[PDB]
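Taken together, the values in this text are just the output of simple stated rules run on the coordinates, not laboratory data. Because the Cβ atoms are built from the backbone with ideal geometry, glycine has one as well, and the counts that use them run over all protein chains shown.
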RNA sequence: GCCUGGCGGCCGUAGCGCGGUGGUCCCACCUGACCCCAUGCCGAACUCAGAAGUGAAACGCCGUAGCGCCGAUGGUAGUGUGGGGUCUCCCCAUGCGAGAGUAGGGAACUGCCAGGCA
RNA sequence: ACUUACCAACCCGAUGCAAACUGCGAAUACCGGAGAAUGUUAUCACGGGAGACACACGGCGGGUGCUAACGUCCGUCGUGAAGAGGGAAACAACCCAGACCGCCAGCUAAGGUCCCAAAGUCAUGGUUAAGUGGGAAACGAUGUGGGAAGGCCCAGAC
RNA sequence: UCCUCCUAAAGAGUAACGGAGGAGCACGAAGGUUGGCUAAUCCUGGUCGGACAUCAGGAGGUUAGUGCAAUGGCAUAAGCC
RNA sequence: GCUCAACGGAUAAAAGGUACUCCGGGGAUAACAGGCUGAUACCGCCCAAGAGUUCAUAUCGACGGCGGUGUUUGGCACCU
């Protein structure tokens, strides 16, 4: 009655904090907005967060709900 | 009315505490008031026979450490889970 | 026999039984039958021991069973190979660690609590001890 | 310029790959191989990592 | 709550303009005043502000808090903003409908040269 | 300096609840609606033209810890490496070291601009 | 409409449990940056030739099984495979240790020192008398060494 | 064959005839944008009207909703008009 | 334009019997026997509610608990 599972989707954080990125680089492939988009970060259609400018990855905690933003410092 | 002779713990952490309980003692601390907390080691048997009384948890105790006297009250005791012995005692100053 | 009225999943993994217990003081009553050995306790052993206690200190007193089974143990039948699924839920155990007060009792003298707890600790698989209600 | 002297005292056979890498970091090759290194907290951390199999002397 | 409903109407365009990083002209309509202030892209510091509570604007008006007053304020913010080198802003209507006297204020700011 | 309004930082030591107080200006309720605009009915909301009246509600400020919230020290749990036993579980040396709880803290702090009063 | 040894929602106080619970949350691991020493470039890319795709046990984390199997299925590390030598009597996989060759030379590891059989029938202080050591539990018992207390007691206790 | 959770050892991946569930579509609006709005449930009052159809008020807080499983998301709504 | 769904799809198009059987292989893998294990089985013990006119333990011993053996039914697939 069992014996099935899907293929593993390889989500998670692809570039960590302080890690230098190019523009276009995917930072967190994820499933809802567990991590939100910050400065110079875009959120794709499947809530993939990608580097919209070059620089360094900056994980932060902002706002009244303590959300986890991801900025990019210009570098 | 209870006088509990103590020493000062020069060592702490789980290694030093478990070494200290195999030597038939147990650690304790005196905090409260405005002073710094005071890490204290206590003889085990005296305090165990002493706490068998009810007045140990109600009356003001006196702890003699380095020849001083600190009038404390027994705040909260960690006991060993399945043996009749003590892990640790919090004493609030009084 | 004790068993949860309605689970959420029928079969549980084995898992392990490590570390010390949480229910450690005699909370509700005045005298307590506290575990020392590790082990696990089926619902039949809890019922057997409770009948030994309830008989022993007659219908006076008040007895609290502080542990509850809520863990299903599956067995495979006889002359069945390995594989071909997980077994079937046969009974229900509680996992015990050193420190659990398994039972409590109040409203008797201490000497009857000694007597009922001796009578009932011989129906359990774990080494057990007698404790009293200590005040802080 | 303190130059602590480090000696390998046990075999490195059944060891973790991290500890064999650390003994290669220290430059120790066989049992009873006295090798002198500077006394910096990086070297000290290497001696700490494999302290069960290096006798250090200063 | 009326004020809280207004703020949650404002919030989307506010956070979008903080995301783009544009200097915003925040309006604020009250039953007897209108307020208008130009705020830097960091959001903290203002640059230019005019409103009907200023007696430089209020003395030349019949009633503070109608469309003529709001047109006066829009003209004032556009003039002061052009005097301080600010040319191209983005209009933050701040939760009000772009209809009445916020439309009068913003049209008046567009006539007098402020680019949005 | 005190008060009020706007936009932010910060995101519960910042929120709740109980009690007191404020309206010269500001704000809020308010007054009216044929017009701009609006209601799947209704100027309730939105909007417009105003300012008689009240700070009742709202909002701000000041108190108050009943609660939420923060939170040591110590000990406990766990655990990396090496070793040991009576080895489904633990112990030793050593490095890291919680969660819960306790003492306690606690009814925020602050930047820019604008207006009123002294 | 009048009575009631019965059960009981919600709420509050107290107590536990959870792989598919989390208002908390390590160690470790992983990714990234800088720095020193060490390492026969150990790294990456491209090209020639492969072999291999039956694994085994042992530690640690687990699923399954009966926390059965020298069981089965994973993760990770070690060894065997493909690794001799010394030890565990004998014993792939356990402990020590990695054999280029030679030597009737020394020092050691695990493990040991009465004889087979190399080396203490060594020194000091205890313990057990069961050949325990040199299989095996619940439970039973004036075996015996140690420790802290307690009841009665030479107005005489046991 | 494909999707979701757990196993899975706090990056990724990870097996078994391990434990549990789903898909083989729907939609021209259920897509785009602009403007607006905020749930479940319970209590009280109220014609037929009832435990539960509408109305009004209060408590409550997203326990709701998300075209269809489960997980992660969602108030700036990704929910509703 | 494919439930080519055995979903990396052998063909556009395909079911069975063999004790009349045959060949290459395999202890990679079953039946017997051994081995490991001991759920089960057998034997023993612990608690004692009770039966035994009274009286738990002459004799039985419920609810439960702990072992031993390798005598059953099994599990695994190490030898062949």
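Shielding by partners for peptide C:124-136, expressed as the average number of C-beta atoms from other protein chains within 10 Å of each residue's C-beta, is 2. Residue by residue along C:13-26, Cβ atoms of other protein chains within 10 Å of the local Cβ number 1 on average.
Suppose a student asked you for the relative contact order of chain E, using Cα pairs under 8 Å spaced at least 6 residues apart; what percent would you report? Intermediate results must be reported in sequence, preceding the final value.
Details: 207 pairs, mean separation 33.7, N = 116.
Result for chain E is 29 percent.
A simple spin-label model places the labels of residue E:67 and residue C:58 9.8 nm from each other, with each point 7 Å out along Cα-to-Cβ. Ordering of C:30-38, D:11-19 by packing is C:30-38, D:11-19, highest average first (other Cβ atoms within 10 Å, averaged per residue).
For a footprinting-style exposure proxy, rank B:34, C:100 by other Cβ within 10 Å, fewest first.
Numbers: B:34 5, C:100 28.
Exposure proxy ranking, most exposed first: B:34, C:100.
Footprinting exposure proxy ranking of E:84, E:67, fewest other C-beta atoms within 10 angstrom first, gives E:84, E:67. Mean per-residue shielding of peptide C:33-43 is 1, counting Cβ atoms of other chains within 10 Å of each Cβ. Between residue D:1 and residue A:58, what is the FRET efficiency for a Förster distance of 45 Å, r being their Cβ-Cβ separation, to the nearest 0.05? So the FRET efficiency works out to roughly 0.60. Going by neighbour counts of Cβ atoms within 10 Å, the residues E:34, D:31 line up, fewest first, as D:31, E:34. Taking every DSSP beta bridge that has both ends in chain B, the antiparallel portion is near 70%. Summarising the strand pairing of chain E, around 75 percent of its internal DSSP beta bridges are antiparallel. Counting only DSSP H runs of at least 4 residues, each contributing -39500 (n - 2.57), and dividing by the residue count of the protein assembly as shown, the helix-based mean residue ellipticity at 222 nm comes to -7000 deg cm²/dmol.
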